[PDB]
$ cat model.pdb   # PDB, C-alpha atoms
ATOM      1  CA  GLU A 545     125.458 111.814 105.106
ATOM      2  CA  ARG A 546     128.670 112.011 103.065
ATOM      3  CA  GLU A 547     128.604 108.334 101.963
ATOM      4  CA  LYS A 548     124.866 108.532 101.307
ATOM      5  CA  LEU A 549     125.028 111.707  99.195
ATOM      6  CA  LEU A 550     127.803 110.249  97.048
ATOM      7  CA  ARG A 551     126.013 106.962  96.384
ATOM      8  CA  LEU A 552     122.765 108.897  95.895
ATOM      9  CA  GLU A 553     122.578 108.298  92.113
ATOM     10  CA  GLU A 554     123.065 104.537  92.528
ATOM     11  CA  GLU A 555     120.495 104.235  95.331
ATOM     12  CA  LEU A 556     117.937 106.207  93.322
ATOM     13  CA  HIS A 557     118.465 103.952  90.297
ATOM     14  CA  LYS A 558     117.838 100.847  92.435
ATOM     15  CA  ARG A 559     114.153 101.801  92.328
ATOM     16  CA  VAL A 560     113.841 104.397  89.496
ATOM     17  CA  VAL A 561     114.351 103.133  85.947
ATOM     18  CA  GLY A 562     115.919 105.469  83.387
ATOM     19  CA  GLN A 563     115.238 109.195  83.642
ATOM     20  CA  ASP A 564     118.983 109.601  84.167
ATOM     21  CA  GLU A 565     118.914 113.381  83.566
ATOM     22  CA  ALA A 566     116.407 113.721  86.418
ATOM     23  CA  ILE A 567     118.482 111.740  88.917
ATOM     24  CA  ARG A 568     121.691 113.659  88.098
ATOM     25  CA  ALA A 569     120.087 117.102  88.390
ATOM     26  CA  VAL A 570     118.423 116.259  91.719
ATOM     27  CA  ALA A 571     121.509 114.523  93.140
ATOM     28  CA  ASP A 572     123.829 117.340  92.046
ATOM     29  CA  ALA A 573     121.395 119.896  93.434
ATOM     30  CA  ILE A 574     121.359 118.105  96.810
ATOM     31  CA  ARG A 575     125.127 117.657  96.747
ATOM     32  CA  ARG A 576     125.524 121.332  95.832
ATOM     33  CA  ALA A 577     123.065 122.137  98.646
ATOM     34  CA  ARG A 578     125.140 120.388 101.287
ATOM     35  CA  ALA A 579     128.829 121.394 101.264
ATOM     36  CA  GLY A 580     127.405 124.918 101.746
ATOM     37  CA  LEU A 581     127.303 126.381  98.249
ATOM     38  CA  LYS A 582     123.753 127.727  98.532
ATOM     39  CA  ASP A 583     121.930 130.273 100.686
ATOM     40  CA  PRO A 584     121.294 128.509 104.025
ATOM     41  CA  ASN A 585     117.826 130.107 104.076
ATOM     42  CA  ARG A 586     116.541 127.842 101.294
ATOM     43  CA  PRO A 587     115.225 124.291 100.913
ATOM     44  CA  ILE A 588     117.849 121.600 100.334
ATOM     45  CA  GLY A 589     116.550 121.362  96.757
ATOM     46  CA  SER A 590     113.534 122.603  94.816
ATOM     47  CA  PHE A 591     112.495 120.940  91.549
ATOM     48  CA  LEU A 592     110.025 121.176  88.696
ATOM     49  CA  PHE A 593     109.311 117.740  87.235
ATOM     50  CA  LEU A 594     108.051 117.989  83.659
ATOM     51  CA  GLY A 595     107.183 115.395  81.021
ATOM     52  CA  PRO A 596     104.768 112.428  80.588
ATOM     53  CA  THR A 597     102.749 110.538  83.261
ATOM     54  CA  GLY A 598     103.570 107.439  85.343
ATOM     55  CA  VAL A 599     107.160 107.561  84.146
ATOM     56  CA  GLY A 600     109.039 107.993  87.408
ATOM     57  CA  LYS A 601     108.093 111.454  88.709
ATOM     58  CA  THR A 602     106.180 110.234  91.779
ATOM     59  CA  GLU A 603     108.431 107.177  92.037
ATOM     60  CA  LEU A 604     111.582 109.335  92.172
ATOM     61  CA  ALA A 605     109.996 111.598  94.790
ATOM     62  CA  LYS A 606     109.067 108.512  96.837
ATOM     63  CA  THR A 607     112.457 106.833  96.477
ATOM     64  CA  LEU A 608     114.257 110.118  97.240
ATOM     65  CA  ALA A 609     112.399 110.393 100.555
ATOM     66  CA  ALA A 610     113.353 106.796 101.405
ATOM     67  CA  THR A 611     116.984 106.937 100.258
ATOM     68  CA  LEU A 612     117.711 110.426 101.618
ATOM     69  CA  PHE A 613     115.627 110.226 104.806
ATOM     70  CA  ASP A 614     115.752 106.432 105.436
ATOM     71  CA  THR A 615     111.986 106.060 104.959
ATOM     72  CA  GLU A 616     109.084 106.697 102.580
ATOM     73  CA  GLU A 617     107.331 108.172 105.638
ATOM     74  CA  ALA A 618     109.413 111.293 104.958
ATOM     75  CA  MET A 619     107.136 112.109 102.014
ATOM     76  CA  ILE A 620     104.423 114.738 102.279
ATOM     77  CA  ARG A 621     102.057 114.939  99.328
ATOM     78  CA  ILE A 622      99.926 117.938  98.317
ATOM     79  CA  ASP A 623      97.436 116.759  95.669
ATOM     80  CA  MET A 624      97.028 120.329  94.422
ATOM     81  CA  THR A 625      94.343 119.290  91.909
ATOM     82  CA  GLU A 626      92.060 119.116  94.986
ATOM     83  CA  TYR A 627      93.084 122.305  96.842
ATOM     84  CA  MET A 628      91.011 124.607  94.605
ATOM     85  CA  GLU A 629      88.959 126.236  97.373
ATOM     86  CA  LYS A 630      90.167 127.710 100.705
ATOM     87  CA  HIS A 631      93.643 126.295  99.899
ATOM     88  CA  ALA A 632      95.693 128.788 101.999
ATOM     89  CA  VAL A 633      93.879 128.052 105.253
ATOM     90  CA  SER A 634      94.090 124.271 104.697
ATOM     91  CA  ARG A 635      97.892 124.461 105.048
ATOM     92  CA  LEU A 636      98.419 126.792 108.041
ATOM     93  CA  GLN A 651      98.263 121.172 107.578
ATOM     94  CA  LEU A 652     101.459 121.505 105.504
ATOM     95  CA  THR A 653     103.259 123.471 108.220
ATOM     96  CA  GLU A 654     102.233 120.841 110.760
ATOM     97  CA  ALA A 655     103.525 117.842 108.788
ATOM     98  CA  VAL A 656     106.744 119.776 108.225
ATOM     99  CA  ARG A 657     106.680 121.034 111.830
ATOM    100  CA  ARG A 658     106.866 117.467 113.162
ATOM    101  CA  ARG A 659     109.102 116.158 110.361
ATOM    102  CA  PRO A 660     111.658 118.847 109.288
ATOM    103  CA  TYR A 661     113.599 116.400 107.104
ATOM    104  CA  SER A 662     110.935 115.617 104.511
ATOM    105  CA  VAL A 663     110.170 115.546 100.792
ATOM    106  CA  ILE A 664     107.182 117.695  99.925
ATOM    107  CA  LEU A 665     105.434 116.804  96.674
ATOM    108  CA  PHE A 666     103.029 119.208  95.001
ATOM    109  CA  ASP A 667     100.984 117.507  92.265
ATOM    110  CA  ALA A 668      99.761 119.489  89.227
ATOM    111  CA  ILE A 669     101.308 122.789  90.357
ATOM    112  CA  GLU A 670      99.669 124.828  87.563
ATOM    113  CA  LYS A 671      96.245 123.941  89.045
ATOM    114  CA  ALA A 672      97.249 125.973  92.136
ATOM    115  CA  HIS A 673      95.793 129.453  92.620
ATOM    116  CA  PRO A 674      98.116 132.512  92.933
ATOM    117  CA  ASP A 675      97.414 132.345  96.679
ATOM    118  CA  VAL A 676      99.285 129.014  97.111
ATOM    119  CA  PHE A 677     102.237 130.194  95.027
ATOM    120  CA  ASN A 678     102.832 132.849  97.703
ATOM    121  CA  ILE A 679     103.122 130.304 100.494
ATOM    122  CA  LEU A 680     105.041 128.161  98.001
ATOM    123  CA  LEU A 681     107.297 131.070  96.973
ATOM    124  CA  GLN A 682     107.818 131.914 100.651
ATOM    125  CA  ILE A 683     109.177 128.367 101.064
ATOM    126  CA  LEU A 684     111.526 128.669  98.055
ATOM    127  CA  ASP A 685     112.824 131.963  99.438
ATOM    128  CA  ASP A 686     114.040 132.242 103.060
ATOM    129  CA  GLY A 687     113.211 128.508 103.517
ATOM    130  CA  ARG A 688     110.631 129.330 106.205
ATOM    131  CA  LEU A 689     106.889 129.787 106.647
ATOM    132  CA  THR A 690     104.616 131.687 109.028
ATOM    133  CA  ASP A 691     101.642 129.527 110.038
ATOM    134  CA  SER A 692      98.179 130.575 111.268
ATOM    135  CA  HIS A 693      99.188 130.819 114.952
ATOM    136  CA  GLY A 694     102.460 132.613 114.161
ATOM    137  CA  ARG A 695     105.389 130.384 115.175
ATOM    138  CA  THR A 696     107.295 129.857 111.887
ATOM    139  CA  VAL A 697     108.204 126.375 110.591
ATOM    140  CA  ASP A 698     111.701 125.573 109.292
ATOM    141  CA  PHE A 699     111.796 124.159 105.753
ATOM    142  CA  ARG A 700     115.603 124.427 105.386
ATOM    143  CA  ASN A 701     115.776 120.640 105.786
ATOM    144  CA  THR A 702     113.099 119.828 103.179
ATOM    145  CA  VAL A 703     113.202 118.944  99.494
ATOM    146  CA  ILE A 704     110.529 120.477  97.317
ATOM    147  CA  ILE A 705     109.331 118.636  94.254
ATOM    148  CA  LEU A 706     106.699 120.196  92.011
ATOM    149  CA  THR A 707     105.038 118.285  89.183
ATOM    150  CA  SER A 708     103.235 119.502  86.064
ATOM    151  CA  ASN A 709     102.436 118.366  82.523
ATOM    152  CA  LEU A 710     102.679 121.858  80.995
ATOM    153  CA  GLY A 711     105.617 120.962  78.749
ATOM    154  CA  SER A 712     104.615 117.309  78.256
ATOM    155  CA  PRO A 713     103.082 117.480  74.732
ATOM    156  CA  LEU A 714     105.908 119.679  73.387
ATOM    157  CA  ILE A 715     108.503 117.542  75.205
ATOM    158  CA  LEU A 716     107.038 114.474  73.482
ATOM    159  CA  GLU A 717     106.965 116.301  70.123
ATOM    160  CA  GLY A 718     110.658 117.212  70.519
ATOM    161  CA  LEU A 719     111.533 113.539  70.981
ATOM    162  CA  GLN A 720     109.558 112.229  67.982
ATOM    163  CA  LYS A 721     110.929 114.870  65.591
ATOM    164  CA  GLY A 722     114.127 114.107  67.532
ATOM    165  CA  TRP A 723     115.351 117.694  67.646
ATOM    166  CA  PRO A 724     118.232 118.653  70.035
ATOM    167  CA  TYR A 725     117.529 118.543  73.793
ATOM    168  CA  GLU A 726     118.448 122.231  74.088
ATOM    169  CA  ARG A 727     115.783 123.114  71.502
ATOM    170  CA  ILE A 728     113.260 121.144  73.620
ATOM    171  CA  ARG A 729     114.156 122.628  77.013
ATOM    172  CA  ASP A 730     114.059 126.163  75.591
ATOM    173  CA  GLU A 731     110.794 125.603  73.696
ATOM    174  CA  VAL A 732     109.387 124.053  76.877
ATOM    175  CA  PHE A 733     110.683 126.886  79.075
ATOM    176  CA  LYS A 734     108.788 129.439  76.964
ATOM    177  CA  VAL A 735     105.514 127.658  77.795
ATOM    178  CA  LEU A 736     106.447 127.758  81.503
ATOM    179  CA  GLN A 737     107.032 131.533  81.305
ATOM    180  CA  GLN A 738     103.306 131.828  80.451
ATOM    181  CA  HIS A 739     101.916 130.056  83.551
ATOM    182  CA  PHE A 740     104.573 130.792  86.158
ATOM    183  CA  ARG A 741     105.875 134.003  87.681
ATOM    184  CA  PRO A 742     109.621 134.414  86.890
ATOM    185  CA  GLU A 743     110.452 134.786  90.610
ATOM    186  CA  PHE A 744     109.124 131.217  90.962
ATOM    187  CA  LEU A 745     110.961 129.653  88.002
ATOM    188  CA  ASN A 746     114.123 131.554  88.997
ATOM    189  CA  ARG A 747     114.087 130.229  92.552
ATOM    190  CA  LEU A 748     113.893 126.644  91.267
ATOM    191  CA  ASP A 749     117.139 124.717  91.851
ATOM    192  CA  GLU A 750     116.398 122.653  88.723
ATOM    193  CA  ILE A 751     113.755 122.207  86.038
ATOM    194  CA  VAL A 752     113.849 118.474  85.441
ATOM    195  CA  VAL A 753     112.297 116.856  82.386
ATOM    196  CA  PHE A 754     111.133 113.256  82.537
ATOM    197  CA  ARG A 755     111.075 111.344  79.270
ATOM    198  CA  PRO A 756     108.764 108.858  77.509
ATOM    199  CA  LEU A 757     108.779 105.476  79.197
ATOM    200  CA  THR A 758     109.723 103.666  76.053
ATOM    201  CA  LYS A 759     108.175 100.198  75.694
ATOM    202  CA  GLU A 760     111.684  99.217  76.813
ATOM    203  CA  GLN A 761     111.539 101.037  80.162
ATOM    204  CA  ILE A 762     108.195  99.312  80.732
ATOM    205  CA  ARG A 763     109.900  95.964  80.099
ATOM    206  CA  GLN A 764     112.710  97.118  82.391
ATOM    207  CA  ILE A 765     110.109  97.858  85.073
ATOM    208  CA  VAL A 766     108.586  94.406  84.444
ATOM    209  CA  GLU A 767     112.017  92.968  85.222
ATOM    210  CA  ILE A 768     112.633  94.980  88.432
ATOM    211  CA  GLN A 769     109.026  94.195  89.337
ATOM    212  CA  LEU A 770     109.662  90.482  88.836
ATOM    213  CA  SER A 771     112.727  90.743  91.126
ATOM    214  CA  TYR A 772     110.646  90.641  94.331
ATOM    215  CA  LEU A 773     108.710  87.633  93.066
ATOM    216  CA  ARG A 774     112.010  85.831  92.265
ATOM    217  CA  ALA A 775     113.331  86.726  95.735
ATOM    218  CA  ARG A 776     110.127  85.708  97.521
ATOM    219  CA  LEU A 777     110.186  82.420  95.588
ATOM    220  CA  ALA A 778     113.909  81.887  96.188
ATOM    221  CA  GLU A 779     112.894  81.193  99.795
ATOM    222  CA  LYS A 780     111.514  77.977  98.288
ATOM    223  CA  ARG A 781     114.490  77.446  95.929
ATOM    224  CA  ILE A 782     111.940  78.099  93.158
ATOM    225  CA  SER A 783     113.276  79.672  89.951
ATOM    226  CA  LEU A 784     111.192  81.794  87.585
ATOM    227  CA  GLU A 785     112.324  82.073  83.977
ATOM    228  CA  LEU A 786     110.098  84.061  81.640
ATOM    229  CA  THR A 787     110.048  84.336  77.847
ATOM    230  CA  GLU A 788     110.658  87.708  76.161
ATOM    231  CA  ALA A 789     107.115  87.234  74.842
ATOM    232  CA  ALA A 790     105.856  86.765  78.415
ATOM    233  CA  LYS A 791     107.705  89.889  79.606
ATOM    234  CA  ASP A 792     106.469  91.822  76.557
ATOM    235  CA  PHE A 793     102.904  90.755  77.352
ATOM    236  CA  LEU A 794     103.211  92.005  80.916
ATOM    237  CA  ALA A 795     104.782  95.184  79.513
ATOM    238  CA  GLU A 796     101.808  95.510  77.140
ATOM    239  CA  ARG A 797      98.988  94.923  79.647
ATOM    240  CA  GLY A 798     100.946  96.688  82.397
ATOM    241  CA  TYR A 799     101.334 100.162  80.910
ATOM    242  CA  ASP A 800      98.526 102.626  80.119
ATOM    243  CA  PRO A 801      98.729 106.033  78.374
ATOM    244  CA  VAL A 802      96.686 107.821  81.069
ATOM    245  CA  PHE A 803      97.345 105.595  84.127
ATOM    246  CA  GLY A 804     101.058 104.951  83.492
ATOM    247  CA  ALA A 805     102.737 101.856  84.946
ATOM    248  CA  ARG A 806     100.196 101.600  87.797
ATOM    249  CA  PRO A 807      98.180  98.614  86.434
ATOM    250  CA  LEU A 808     101.389  96.586  85.928
ATOM    251  CA  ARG A 809     101.323  95.386  89.540
ATOM    252  CA  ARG A 810      97.661  94.308  89.344
ATOM    253  CA  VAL A 811      98.316  92.635  85.990
ATOM    254  CA  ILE A 812     101.453  90.751  87.121
ATOM    255  CA  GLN A 813      99.467  89.677  90.174
ATOM    256  CA  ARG A 814      96.510  88.357  88.180
ATOM    257  CA  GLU A 815      98.289  87.087  85.052
ATOM    258  CA  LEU A 816     101.262  85.457  86.829
ATOM    259  CA  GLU A 817     101.051  85.308  90.634
ATOM    260  CA  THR A 818      97.444  84.041  90.832
ATOM    261  CA  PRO A 819      98.063  81.055  88.516
ATOM    262  CA  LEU A 820     101.552  80.384  89.932
ATOM    263  CA  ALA A 821      99.976  80.273  93.407
ATOM    264  CA  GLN A 822      97.425  77.637  92.357
ATOM    265  CA  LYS A 823     100.278  75.519  90.959
ATOM    266  CA  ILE A 824     102.279  75.665  94.209
ATOM    267  CA  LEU A 825      99.300  74.786  96.430
ATOM    268  CA  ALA A 826      98.265  72.083  93.958
ATOM    269  CA  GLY A 827     101.831  70.769  94.163
ATOM    270  CA  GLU A 828     102.621  71.062  90.445
ATOM    271  CA  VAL A 829     105.328  73.515  91.463
ATOM    272  CA  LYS A 830     107.468  71.889  94.137
ATOM    273  CA  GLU A 831     110.586  72.897  96.091
ATOM    274  CA  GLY A 832     113.528  73.899  93.886
ATOM    275  CA  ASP A 833     111.565  73.633  90.615
ATOM    276  CA  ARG A 834     112.591  75.853  87.664
ATOM    277  CA  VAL A 835     109.263  77.403  86.599
ATOM    278  CA  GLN A 836     109.228  78.228  82.903
ATOM    279  CA  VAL A 837     106.722  80.880  81.897
ATOM    280  CA  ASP A 838     105.646  81.583  78.308
ATOM    281  CA  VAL A 839     102.731  83.209  76.457
ATOM    282  CA  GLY A 840      99.593  81.359  75.383
ATOM    283  CA  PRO A 841      96.325  82.278  73.604
ATOM    284  CA  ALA A 842      95.055  84.828  76.151
ATOM    285  CA  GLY A 843      97.626  84.753  78.961
ATOM    286  CA  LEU A 844     100.613  82.985  80.489
ATOM    287  CA  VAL A 845     101.437  79.253  80.594
ATOM    288  CA  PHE A 846     103.590  77.343  83.117
ATOM    289  CA  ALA A 847     105.899  74.382  82.603
ATOM    290  CA  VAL A 848     108.059  72.472  85.057
ATOM    291  CA  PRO A 849     111.086  70.936  83.283
ATOM    292  CA  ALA A 850     111.187  67.128  83.360
TER     293      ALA A 850
END

$ encode --input "model.pdb" --output "structure tokens"
Amino acid sequence: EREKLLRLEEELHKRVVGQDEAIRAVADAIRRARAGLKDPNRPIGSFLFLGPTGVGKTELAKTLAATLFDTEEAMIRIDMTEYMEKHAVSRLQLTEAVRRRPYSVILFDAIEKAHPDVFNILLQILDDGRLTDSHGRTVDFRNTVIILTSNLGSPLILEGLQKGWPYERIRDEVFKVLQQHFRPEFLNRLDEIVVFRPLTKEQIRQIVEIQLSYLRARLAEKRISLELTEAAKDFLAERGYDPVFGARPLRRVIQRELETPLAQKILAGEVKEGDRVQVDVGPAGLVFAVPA
């Protein structure tokens, strides 16, 4: 645990690009949680992830589960934007998932969409780190990490970055908005209020690179090298990212624009063993060239 918790920030960055502030806060919170500096009757760490979409939020939550609990199976997701009905009853489900896996990351999507009812169960987790289910026998959450997402501050967060005003002025301005949708008890029991930032076209390109890494590695098994032009990477970065969908299409795009054609070349034999595949942009996609 010691070694792991120290190298936490590295491990998280192996899969999550940028968002350094987020990583630090979470890591420090978890480190501060262990070592016994916090009320034992609390989750390991509770967080409010604010900012844009498809920028790392879910990715960080995923990676955290894997890096901290050795597997992505340690993630429990609550797509709150769906629990708009008999919510309360449909979770005492939550208790059960936690009941069988005490060490687990619990992700609540769009937390503002939750009805006051949920916040009580939620708040009961943040305090005393325990929960009374339907039957009665309470579930221990002391070994869980709670991550809550929301876009409440997003537009103002963005605005603060364009006008480029001090981070403090952003966080404060953003916090005010939060004080209008969340009960202070809630915001006060949060270990951290993390703000994710705008996946600059750069971060997208950076994701293109880390995305390419698996392809390189998978190809390396055939001694095959894969060099891409900045233009090519930029193109993937372009087609890959979406304002509303985030960096989700990237995978599908890289698959279709690069992997699909590359595959035809290998089966055809154009790309042999050890070949240094050069990839550059064309009229409406990518072009491949084997050096002579």

$ residues_around --input "model.pdb" --residues "residue 571 (chain A)" --least-positions-apart "6" --cutoff "8 Å" --atoms "only C-alpha atoms" --output "ChimeraX atom specification"
/A:549,552-553

$ closest_residue --input "model.pdb" --among "A:778, A:661, A:744, A:736" --to "residue 701 (chain A)" --atoms "only C-alpha atoms"
A:661

$ atom_distance --input "model.pdb" --atom1 "CA of residue 835 (chain A)" --atom2 "CA of residue 807 (chain A)"
23.9 Å

$ closest_atom_pairs --input "model.pdb" --of "region 750-791 of chain A" --to "region 717-726 of chain A" --cutoff "12 Å" --atoms "all atoms listed in the file" --output "JSON lines"
{"residue": "A:753", "atom": "CA", "partner": "A:725", "partner_atom": "CA", "distance": 10.2}
{"residue": "A:754", "atom": "CA", "partner": "A:719", "partner_atom": "CA", "distance": 11.6}
{"residue": "A:755", "atom": "CA", "partner": "A:719", "partner_atom": "CA", "distance": 8.6}
{"residue": "A:756", "atom": "CA", "partner": "A:719", "partner_atom": "CA", "distance": 8.5}
{"residue": "A:757", "atom": "CA", "partner": "A:719", "partner_atom": "CA", "distance": 11.8}
{"residue": "A:758", "atom": "CA", "partner": "A:719", "partner_atom": "CA", "distance": 11.2}

$ residues_around --input "model.pdb" --residues "residue 627 (chain A)" --least-positions-apart "3" --cutoff "12 Å" --atoms "all atoms listed in the file" --output "PyMOL selection string"
chain A and resi 621-624+630-635+651+666-673+675-676

$ atom_distance --input "model.pdb" --atom1 "CA of residue 842 (chain A)" --atom2 "CA of residue 774 (chain A)"
23.4 Å

$ atom_distance --input "model.pdb" --atom1 "CA of residue 825 (chain A)" --atom2 "CA of residue 777 (chain A)"
13.3 Å

$ residues_around --input "model.pdb" --residues "residue 554 (chain A)" --least-positions-apart "6" --cutoff "10 Å" --atoms "all atoms listed in the file" --output "ChimeraX atom specification"
/A:548,560,567

$ resolve_selection --input "model.pdb" --expression "the PyMOL selection byres ((chain A and resi 686) around 9)" --output "PyMOL selection string"
chain A and resi 583-587+682-685+687-689+699-700

$ residues_near_point --input "model.pdb" --point "(109.0, 91.1, 87.2)" --cutoff "12 Å" --atoms "all atoms listed in the file" --output "PyMOL selection string"
chain A and resi 762-776+784-788+790-795+798+808-813+815-817+837

$ residues_near_point --input "model.pdb" --point "(115.5, 113.4, 81.8)" --cutoff "9 Å" --atoms "only C-alpha atoms" --output "ChimeraX atom specification"
/A:562-569,594-595,752-755

$ resolve_selection --input "model.pdb" --expression "the PyMOL selection byres ((chain A and resi 546) around 12)" --output "ChimeraX atom specification"
/A:545,547-552,574-575,578-579,612

$ residues_around --input "model.pdb" --residues "residue 660 (chain A)" --least-positions-apart "6" --cutoff "10 Å" --atoms "all atoms listed in the file" --output "ChimeraX atom specification"
/A:618,653-654,697-703

$ residues_around --input "model.pdb" --residues "region 606-609 of chain A" --least-positions-apart "2" --cutoff "6 Å" --atoms "all atoms listed in the file" --output "list in words"
residues 603, 604, 611, 612, 613, 616, 618, 619 and 663 of chain A

$ closest_residue --input "model.pdb" --among "A:732, A:665, A:745, A:779" --to "residue 831 (chain A)" --atoms "only C-alpha atoms"
A:779

$ resolve_selection --input "model.pdb" --expression "the PyMOL selection byres ((chain A and resi 849) around 10)" --output "ChimeraX atom specification"
/A:833-836,846-848,850

$ axis_aligned_box --input "model.pdb" --around "region 753-768 of chain A" --padding-each-side "6 Å" --output "lines of an AutoDock Vina configuration file"
center_x = 110.4
center_y = 104.9
center_z = 82.1
size_x = 16.5
size_y = 35.9
size_z = 24.7
